Each structure stands twice: as structure tokens, then as C-alpha cells.
2 protein chains.
Amino acid sequence: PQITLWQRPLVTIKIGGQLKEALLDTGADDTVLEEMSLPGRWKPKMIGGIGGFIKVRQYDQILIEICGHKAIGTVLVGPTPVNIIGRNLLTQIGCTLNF
Amino acid sequence: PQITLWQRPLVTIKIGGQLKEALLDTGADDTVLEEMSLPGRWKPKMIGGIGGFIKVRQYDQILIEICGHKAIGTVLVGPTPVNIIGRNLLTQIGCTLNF
Ligand SMILES: CC(C)(C)OC(=O)N[C@@H](Cc1ccccc1)[C@@H](O)CN[C@@H](Cc1ccccc1)C(=O)N[C@@H](CCC(N)=O)C(=O)N[C@@H](Cc1ccccc1)C(N)=O
């Protein structure tokens, strides 16, 4: 699909059996979701953005579906104010910026 | 042009006759630039990102060129980790997300 940017590019995603709303963020290296449980081992990580850093749990090899497109990748879980789909998964669904 | 996301979508912008590097950020409502000098009066604004909020100076109707595309809009100046081009200006240059 072609997503305009007049409004925030919010999409529904499916992960760990849950449907969630997430922001497609080309300015995010990683995908960060609000607190939730995920399977497998995880390791701590510190990620930053506007306002500073937050500590998150890093899970690898997580399956996610965004607009019918299935992807596999690392997913960070922590006190993020919004669910964010970063470049690590945007590439997998073939998402590009165009103008 | 079409910009893939295997790497950060960093581009060259021109503001105040000077070239700077900036990140095309679809997850950002606004455009935030690192400390620099801009003309006119500014208004106060508090913006929130991944690790909290920061105070910035808001300048309106500022001329800024992005990848050769001219835009004139609101530019926020403050302690941002990197120069961010948000939706307010991405829309002016006709940018969309596609997959
Ligand atoms: C700019 C503005 C108007 C304040 O909006 C946001 O910050 N919006 C953010 C989402 C949001 C919206 C509303 C409320 C809360 C949160 C996000 O879209 C901004 N995109 C980038 C902006 C950016 C880019 C580079 C540097 C600083 C800031 C981002 O946060 N990116 C983070 C996302 C988290 C992540 N882990 O991917 C990122 O790429 N961080 C990297 C790079 C990094 C390292 C160290 C410091 C800063 C940034 C990282 N590995 O931590």
C-alpha cells in the first residue's frame, strides 16, 4: 500500500497472538513495543531517542505480521510511549520512502 | 527518489545557506534540528520522544531544502541527538511510505 504522511503512519500488527497498533518509523533503527511477554531468552539493552535513553529487553527471531506481510526479526520490549516498527522489520516487508 | 531502509535514511538538507545531514523520520510529527541560529522570533514547545520530553525553540516559516526539494515550515531547535525531518516537512516534499 501507499501510506501518506498527512497523519501518523499507524498500522495493525500481529505478534505473539496479539493484535496491536504500531507506528511505522523510518527514523528508528529498531522495533520497540510497549511492555508485553515474548517467548525465549532475552538480553538487556539501552536505546535512545528524543529525551534520552530507556532500558528494554531484546528478543531475537520473533515473528511479526504487518499488513499481511510476515517478517522475522529482533523485537525490543520496554517503557516506550508508543509501539514502533523500526527499519529492521520495515526492510523485510519491502517498505521504502518515496518522493 | 526511492529510499530503502537497509541503512538510516540520512540525506543532505540546506538551511541558512548551509548543508547539514538529517534523518527522514516518518515517526516524527515535527522537524527538530540541533542547535543553530535561525532568524525571527521563536515560541516555546515541549516535545516527547522515546526517553522523555525536551524543551525546544519553535521557528515558523523557515526555508529548508531537502534532497533538492524546497519546503518552508516550522523548524524546532533543541538538544536532539540528530537532525530529524518530520512529517510536517515530509508532506511538503511529497513523501510517502510504500510496500
Ligand atoms: C522527533 C519527535 C517529534 C520528538 O518525535 C519522536 O521522537 N517520535 C518517536 C516516536 C514517538 C512518538 C510519540 C511519542 C513517543 C515516541 C520516533 O518516531 C522518533 N524517531 C527516531 C528519532 C531519533 C533518531 C535518531 C536519534 C535520536 C532520535 C527515534 O526515536 N529513533 C530511535 C528509536 C529506538 C530504537 N532503538 O530504534 C533510534 O533509532 N534509536 C537508536 C539510535 C540512537 C542511539 C543513541 C541515541 C539516540 C538514538 C538506538 N540504537 O537507540
# chains A, B, ... in the order shown; residues from 1 in each chain; ligands from 1

call {"tool": "interface_residues", "arguments": {"of": "chain A", "to": "chain B", "cutoff": "10 Å", "atoms": "only C-alpha atoms", "output": "number ranges by chain"}}
result
A: 1-10, 23-29, 32, 47-55, 67, 69, 79-82, 84-99

call {"tool": "calpha_fit_rmsd", "arguments": {"fixed": "chain B", "moving": "chain A"}}
result
0.4 Å

call {"tool": "residues_around", "arguments": {"residues": "residue 39 of chain B", "least_positions_apart": "6", "cutoff": "10 Å", "atoms": "only C-alpha atoms", "output": "list in words"}}
result
residues 16, 59, 60 and 62 of chain B

call {"tool": "select_by_dssp", "arguments": {"residues": "chain B", "states": "alpha helix (DSSP H)", "output": "mmCIF file with N, CA, C and O atoms, in the first residue's frame"}}
result
data_model
loop_
_atom_site.group_PDB
_atom_site.id
_atom_site.type_symbol
_atom_site.label_atom_id
_atom_site.label_comp_id
_atom_site.auth_asym_id
_atom_site.auth_seq_id
_atom_site.Cartn_x
_atom_site.Cartn_y
_atom_site.Cartn_z
ATOM 1 N N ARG B 87 7.132 14.632 9.711
ATOM 2 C CA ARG B 87 6.027 14.663 8.754
ATOM 3 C C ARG B 87 5.615 16.051 8.285
ATOM 4 O O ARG B 87 5.152 16.207 7.152
ATOM 5 N N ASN B 88 5.797 17.069 9.121
ATOM 6 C CA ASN B 88 5.396 18.406 8.702
ATOM 7 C C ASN B 88 6.117 18.811 7.414
ATOM 8 O O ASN B 88 5.527 19.475 6.558
ATOM 9 N N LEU B 89 7.377 18.390 7.255
ATOM 10 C CA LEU B 89 8.131 18.718 6.047
ATOM 11 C C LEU B 89 8.154 17.561 5.044
ATOM 12 O O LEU B 89 8.301 17.783 3.845
ATOM 13 N N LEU B 90 8.026 16.328 5.520
ATOM 14 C CA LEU B 90 7.996 15.205 4.590
ATOM 15 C C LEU B 90 6.785 15.376 3.661
ATOM 16 O O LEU B 90 6.857 15.067 2.462
#

call {"tool": "atom_distance", "arguments": {"atom1": "atom 26 (C, counted along the ligand's line) of ligand 1", "atom2": "atom CA of residue 73 of chain A"}}
result
20.7 Å

call {"tool": "residues_around", "arguments": {"residues": "residue 72 of chain B", "least_positions_apart": "4", "cutoff": "7 Å", "atoms": "only C-alpha atoms", "output": "count of residues only"}}
result
4

call {"tool": "atom_distance", "arguments": {"atom1": "atom CA of residue 36 of chain B", "atom2": "atom 36 (N, counted along the ligand's line) of ligand 1"}}
result
25.8 Å

call {"tool": "select_by_dssp", "arguments": {"residues": "chain B", "states": "strand (DSSP E or B)", "output": "PyMOL selection string"}}
result
chain B and resi 2-3+10-15+18-24+32-33+43-49+52-66+69-77+84-85+96-98

call {"tool": "write_last_selection", "arguments": {"atoms": "C-alpha atoms", "output": "PDB file, in the first residue's frame"}}
result
ATOM      1  CA  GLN B   2      13.204   5.925  -3.656  1.00  0.00           C
ATOM      2  CA  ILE B   3      14.989   5.378  -0.362  1.00  0.00           C
ATOM      3  CA  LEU B  10      20.132  10.175   6.044  1.00  0.00           C
ATOM      4  CA  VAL B  11      20.007  12.952   3.490  1.00  0.00           C
ATOM      5  CA  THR B  12      21.539  16.359   2.936  1.00  0.00           C
ATOM      6  CA  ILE B  13      19.408  19.410   3.677  1.00  0.00           C
ATOM      7  CA  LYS B  14      20.210  23.070   3.215  1.00  0.00           C
ATOM      8  CA  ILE B  15      19.146  25.679   5.721  1.00  0.00           C
ATOM      9  CA  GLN B  18      24.490  25.699   4.999  1.00  0.00           C
ATOM     10  CA  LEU B  19      24.400  21.973   4.249  1.00  0.00           C
ATOM     11  CA  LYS B  20      23.634  19.571   7.089  1.00  0.00           C
ATOM     12  CA  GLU B  21      22.815  15.881   7.355  1.00  0.00           C
ATOM     13  CA  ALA B  22      19.334  14.928   8.506  1.00  0.00           C
ATOM     14  CA  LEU B  23      17.240  11.826   9.123  1.00  0.00           C
ATOM     15  CA  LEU B  24      13.916  11.387   7.248  1.00  0.00           C
ATOM     16  CA  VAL B  32      13.837  19.020  15.136  1.00  0.00           C
ATOM     17  CA  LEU B  33      17.297  20.394  14.418  1.00  0.00           C
ATOM     18  CA  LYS B  43       7.906  30.259  20.686  1.00  0.00           C
ATOM     19  CA  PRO B  44       8.293  27.566  23.346  1.00  0.00           C
ATOM     20  CA  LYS B  45       7.416  23.946  22.729  1.00  0.00           C
ATOM     21  CA  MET B  46       7.854  20.708  24.667  1.00  0.00           C
ATOM     22  CA  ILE B  47       8.173  17.524  22.565  1.00  0.00           C
ATOM     23  CA  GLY B  48       8.247  13.927  23.666  1.00  0.00           C
ATOM     24  CA  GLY B  49      10.198  11.080  22.192  1.00  0.00           C
ATOM     25  CA  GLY B  52      11.103  11.617  27.679  1.00  0.00           C
ATOM     26  CA  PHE B  53      10.469  15.239  26.771  1.00  0.00           C
ATOM     27  CA  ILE B  54      12.758  18.087  25.833  1.00  0.00           C
ATOM     28  CA  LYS B  55      12.170  21.823  25.501  1.00  0.00           C
ATOM     29  CA  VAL B  56      12.781  23.306  22.059  1.00  0.00           C
ATOM     30  CA  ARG B  57      12.576  26.677  20.317  1.00  0.00           C
ATOM     31  CA  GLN B  58       9.904  26.848  17.618  1.00  0.00           C
ATOM     32  CA  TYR B  59      10.613  28.900  14.499  1.00  0.00           C
ATOM     33  CA  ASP B  60       7.911  29.212  11.828  1.00  0.00           C
ATOM     34  CA  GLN B  61       8.021  29.695   8.052  1.00  0.00           C
ATOM     35  CA  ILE B  62      11.689  28.728   7.793  1.00  0.00           C
ATOM     36  CA  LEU B  63      13.087  27.919   4.352  1.00  0.00           C
ATOM     37  CA  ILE B  64      14.691  24.492   4.191  1.00  0.00           C
ATOM     38  CA  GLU B  65      15.679  22.364   1.210  1.00  0.00           C
ATOM     39  CA  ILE B  66      15.614  18.576   1.495  1.00  0.00           C
ATOM     40  CA  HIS B  69      13.092  19.859  -2.661  1.00  0.00           C
ATOM     41  CA  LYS B  70      12.218  23.248  -1.180  1.00  0.00           C
ATOM     42  CA  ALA B  71       9.981  23.493   1.856  1.00  0.00           C
ATOM     43  CA  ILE B  72       9.006  26.406   4.098  1.00  0.00           C
ATOM     44  CA  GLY B  73       7.689  25.489   7.503  1.00  0.00           C
ATOM     45  CA  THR B  74       8.116  25.045  11.227  1.00  0.00           C
ATOM     46  CA  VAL B  75      11.536  24.035  12.483  1.00  0.00           C
ATOM     47  CA  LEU B  76      12.200  23.198  16.108  1.00  0.00           C
ATOM     48  CA  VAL B  77      15.675  23.731  17.577  1.00  0.00           C
ATOM     49  CA  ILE B  84      15.223  14.996  12.244  1.00  0.00           C
ATOM     50  CA  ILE B  85      12.930  15.793   9.301  1.00  0.00           C
ATOM     51  CA  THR B  96       5.012   8.561   1.165  1.00  0.00           C
ATOM     52  CA  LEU B  97       5.787   5.117   2.615  1.00  0.00           C
ATOM     53  CA  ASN B  98       5.349   2.250   0.168  1.00  0.00           C
TER      54      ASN B  98
END

call {"tool": "decode", "arguments": {"residues": "segment 67-99 of chain A", "atoms": "N, CA and C atoms", "output": "mmCIF file, in the first residue's frame"}}
result
data_model
loop_
_atom_site.group_PDB
_atom_site.id
_atom_site.type_symbol
_atom_site.label_atom_id
_atom_site.label_comp_id
_atom_site.auth_asym_id
_atom_site.auth_seq_id
_atom_site.Cartn_x
_atom_site.Cartn_y
_atom_site.Cartn_z
ATOM 1 N N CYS A 67 0.357 -5.647 8.184
ATOM 2 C CA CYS A 67 -0.435 -5.506 6.961
ATOM 3 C C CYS A 67 -0.348 -6.741 6.059
ATOM 4 N N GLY A 68 -0.479 -7.923 6.648
ATOM 5 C CA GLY A 68 -0.425 -9.135 5.854
ATOM 6 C C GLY A 68 0.967 -9.581 5.456
ATOM 7 N N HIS A 69 1.976 -8.780 5.769
ATOM 8 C CA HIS A 69 3.342 -9.155 5.430
ATOM 9 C C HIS A 69 4.023 -9.754 6.644
ATOM 10 N N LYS A 70 4.451 -11.006 6.519
ATOM 11 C CA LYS A 70 5.131 -11.679 7.616
ATOM 12 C C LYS A 70 6.611 -11.320 7.629
ATOM 13 N N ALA A 71 7.151 -11.122 8.827
ATOM 14 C CA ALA A 71 8.554 -10.780 8.986
ATOM 15 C C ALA A 71 9.122 -11.473 10.212
ATOM 16 N N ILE A 72 10.443 -11.589 10.242
ATOM 17 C CA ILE A 72 11.148 -12.205 11.347
ATOM 18 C C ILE A 72 12.205 -11.196 11.749
ATOM 19 N N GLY A 73 12.397 -10.975 13.047
ATOM 20 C CA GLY A 73 13.416 -10.027 13.463
ATOM 21 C C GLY A 73 13.522 -9.839 14.961
ATOM 22 N N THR A 74 14.430 -8.961 15.374
ATOM 23 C CA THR A 74 14.625 -8.661 16.786
ATOM 24 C C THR A 74 13.543 -7.679 17.196
ATOM 25 N N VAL A 75 12.971 -7.893 18.374
ATOM 26 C CA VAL A 75 11.934 -7.012 18.893
ATOM 27 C C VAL A 75 12.323 -6.612 20.315
ATOM 28 N N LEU A 76 12.349 -5.310 20.572
ATOM 29 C CA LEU A 76 12.690 -4.796 21.894
ATOM 30 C C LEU A 76 11.389 -4.489 22.633
ATOM 31 N N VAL A 77 11.348 -4.809 23.923
ATOM 32 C CA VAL A 77 10.162 -4.573 24.749
ATOM 33 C C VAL A 77 10.547 -3.703 25.957
ATOM 34 N N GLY A 78 9.812 -2.619 26.188
ATOM 35 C CA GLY A 78 10.144 -1.746 27.300
ATOM 36 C C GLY A 78 9.150 -0.609 27.453
ATOM 37 N N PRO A 79 9.434 0.375 28.329
ATOM 38 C CA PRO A 79 8.563 1.527 28.585
ATOM 39 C C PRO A 79 8.552 2.573 27.484
ATOM 40 N N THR A 80 8.235 2.143 26.273
ATOM 41 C CA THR A 80 8.160 3.063 25.160
ATOM 42 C C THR A 80 6.743 3.613 25.208
ATOM 43 N N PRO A 81 6.585 4.906 24.912
ATOM 44 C CA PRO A 81 5.251 5.509 24.938
ATOM 45 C C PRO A 81 4.347 5.046 23.787
ATOM 46 N N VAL A 82 4.953 4.540 22.709
ATOM 47 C CA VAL A 82 4.197 4.084 21.536
ATOM 48 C C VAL A 82 4.848 2.830 20.916
ATOM 49 N N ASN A 83 4.061 1.965 20.269
ATOM 50 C CA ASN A 83 4.641 0.791 19.606
ATOM 51 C C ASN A 83 5.291 1.318 18.332
ATOM 52 N N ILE A 84 6.544 0.940 18.113
ATOM 53 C CA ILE A 84 7.296 1.407 16.958
ATOM 54 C C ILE A 84 7.850 0.278 16.090
ATOM 55 N N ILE A 85 7.605 0.357 14.783
ATOM 56 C CA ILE A 85 8.154 -0.625 13.853
ATOM 57 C C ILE A 85 9.345 0.087 13.221
ATOM 58 N N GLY A 86 10.543 -0.402 13.522
ATOM 59 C CA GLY A 86 11.752 0.212 13.010
ATOM 60 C C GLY A 86 12.259 -0.403 11.724
ATOM 61 N N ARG A 87 13.374 0.129 11.228
ATOM 62 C CA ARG A 87 13.958 -0.323 9.978
ATOM 63 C C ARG A 87 14.264 -1.803 9.887
ATOM 64 N N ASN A 88 14.571 -2.445 11.008
ATOM 65 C CA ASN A 88 14.899 -3.872 10.972
ATOM 66 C C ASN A 88 13.749 -4.743 10.452
ATOM 67 N N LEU A 89 12.514 -4.274 10.614
ATOM 68 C CA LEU A 89 11.367 -5.019 10.115
ATOM 69 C C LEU A 89 10.774 -4.326 8.888
ATOM 70 N N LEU A 90 10.913 -3.000 8.794
ATOM 71 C CA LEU A 90 10.390 -2.284 7.626
ATOM 72 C C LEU A 90 11.058 -2.805 6.338
ATOM 73 N N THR A 91 12.333 -3.161 6.421
ATOM 74 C CA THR A 91 13.023 -3.668 5.237
ATOM 75 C C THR A 91 12.413 -4.996 4.791
ATOM 76 N N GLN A 92 12.082 -5.834 5.765
ATOM 77 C CA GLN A 92 11.546 -7.159 5.493
ATOM 78 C C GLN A 92 10.214 -7.169 4.764
ATOM 79 N N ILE A 93 9.391 -6.151 4.987
ATOM 80 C CA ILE A 93 8.106 -6.075 4.303
ATOM 81 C C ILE A 93 8.227 -5.263 3.006
ATOM 82 N N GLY A 94 9.456 -4.889 2.652
ATOM 83 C CA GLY A 94 9.707 -4.148 1.426
ATOM 84 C C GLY A 94 9.309 -2.688 1.451
ATOM 85 N N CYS A 95 9.284 -2.102 2.640
ATOM 86 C CA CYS A 95 8.886 -0.707 2.791
ATOM 87 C C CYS A 95 9.981 0.292 2.399
ATOM 88 N N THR A 96 9.612 1.277 1.581
ATOM 89 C CA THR A 96 10.549 2.309 1.152
ATOM 90 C C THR A 96 9.893 3.689 1.255
ATOM 91 N N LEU A 97 10.728 4.728 1.273
ATOM 92 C CA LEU A 97 10.278 6.121 1.300
ATOM 93 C C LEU A 97 10.368 6.587 -0.152
ATOM 94 N N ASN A 98 9.369 7.322 -0.619
ATOM 95 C CA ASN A 98 9.411 7.778 -1.994
ATOM 96 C C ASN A 98 8.895 9.185 -2.151
ATOM 97 N N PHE A 99 9.589 9.966 -2.965
ATOM 98 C CA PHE A 99 9.190 11.333 -3.259
ATOM 99 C C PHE A 99 9.923 11.792 -4.519
#
